[PDB]
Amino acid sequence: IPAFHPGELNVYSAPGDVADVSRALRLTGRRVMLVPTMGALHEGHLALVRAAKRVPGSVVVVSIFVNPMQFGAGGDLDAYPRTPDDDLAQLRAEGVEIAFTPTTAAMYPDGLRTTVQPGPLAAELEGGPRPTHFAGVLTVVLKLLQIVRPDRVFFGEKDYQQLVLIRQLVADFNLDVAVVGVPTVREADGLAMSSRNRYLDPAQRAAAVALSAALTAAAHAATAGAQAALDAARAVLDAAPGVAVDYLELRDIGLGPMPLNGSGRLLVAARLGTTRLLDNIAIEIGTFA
C-alpha cells in the first residue's frame, strides 16, 4: 500500500514501502530520523532512539538488518545474536513509529556488485585482520540512507571507528544528512554496553570492567602526557585476569593521517575467551578537568 498508523509501531520489510512512507512523512513536514541497527537491542540503542525522538517533529525510523556483507566467512554471521521479539517490543515501549526490517534478498538482489570502497582507515584497527568489514558497513549504510532519506542519522560512539568512517562516507559522497554521534551507554561499573556482552560468563564479566577502568584511568592520567596515559591504561589491562589485549591505541580524533596533538581518542579492543570487546574514550593531553 503502504498503511501508516500514527502513534503505533509500523513494521516494513520492503525497501519501497519504507521509502514511500518516509517520502510521504517528509512531504507533510515531519523530520525523518534514522537509527541503523543490527537488532539485539540494548539500552544504548534506546539512547540512540531517545536522541532522535527529541528532535522536534521527528518521525523515528529504526532499521534492523544483520548485514551479511560486513561479516567475514567462518561463523560470525550465523553466531550474531538475533532477538526480533524483544527488539520490536522495546521499540513500541519507546514510541517508535517505524521499524524497517528488510530481507537479505531485498537488500542484495544482485549480490555484491557496486559497493563502497572506504578510505585507508578501513584497513586499520578493527579492519586490520578484517579488511572487507567496513566496505560492508559503508555499503549498507549508504543504501539505508538512500532508501529512508533521513534528515539525521544516529550512531553510537561505542563503535567509534565506524562513526568516523560514516562521517567520511557522508562527506566524501556529499550526502544531505547530518551524522549524530551519541555518547556510549555504560553499565554501572563502566562496562560499555554491547550485544556481545551476553557472551561473557560471570568471571569474564567481572574481568571486563578493566577496559573502561583502563580508559578512564588514562583520561585522568593524560595531564601528565601521552606516555603516562598509555602506561596507566596498560597497567590496568595487565592487572586484569584473562583479558587478552588486541590493541590499545591513542589517535587523533579523526583517527586518520594526522598526529595526536592535544585532543585524541584512546581505543581498546580485547578478547575475553572468544568474546571480542571494544571501548574508547576522549583524551585531552595536558588538560585537567
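Here, rigid core means the biggest group of C-alpha atoms that superpose within 1.5 Å across both forms. Just count from 1 along the sequence shown to find any residue number.
- Stretch comparison, 207-215 versus 126-134: after rigid core superposition, larger RMS CA deviation in 9 other deposited structures of this protein is found for 126-134.
- Comparing 195-203 with 93-101 by root mean square Cα distance to the shown form in 9 other deposited structures of this protein, with the rigid core used for the fit, gives 195-203 as the more displaced stretch.
- For residue 85, the record comparison shows coordinates present in all the other entries of this protein that model its neighbours, with no third of them leaving it out.
- When the other compared entries with both flanking residues are checked, residue 76 is unmodelled in at least a third.
- The stretch 181-189 shows the higher mean C-alpha B-factor when 181-189 is compared against 162-170 in the entry.
- Mean CA temperature factor is higher for 250-258 when stretches 250-258 and 225-233 are set side by side in the entry.
- Across the options 109, 129, 102, 120, the residue with the most elevated CA B-factor in the record is 129.
- Between the residues 47, 239, 64, 32, the entry's highest C-alpha temperature factor is the one at 239.
- Split the chain's modelled residues into thirds by C-alpha temperature factor. Residue 279 is in the lowest one.
- Ranked against the other modelled residues of its chain, the C-alpha B-factor of residue 203 as given in the entry falls in the middle third.
- When all modelled residues of the chain are sorted by CA temperature factor, residue 133 is found within the middle third.
- Among all modelled residues in its chain, residue 98 ranks in the middle third by Cα B-factor.
- Among the modelled residues of its chain, residue 272 has a C-alpha B-factor that falls in the highest third according to the deposited record.
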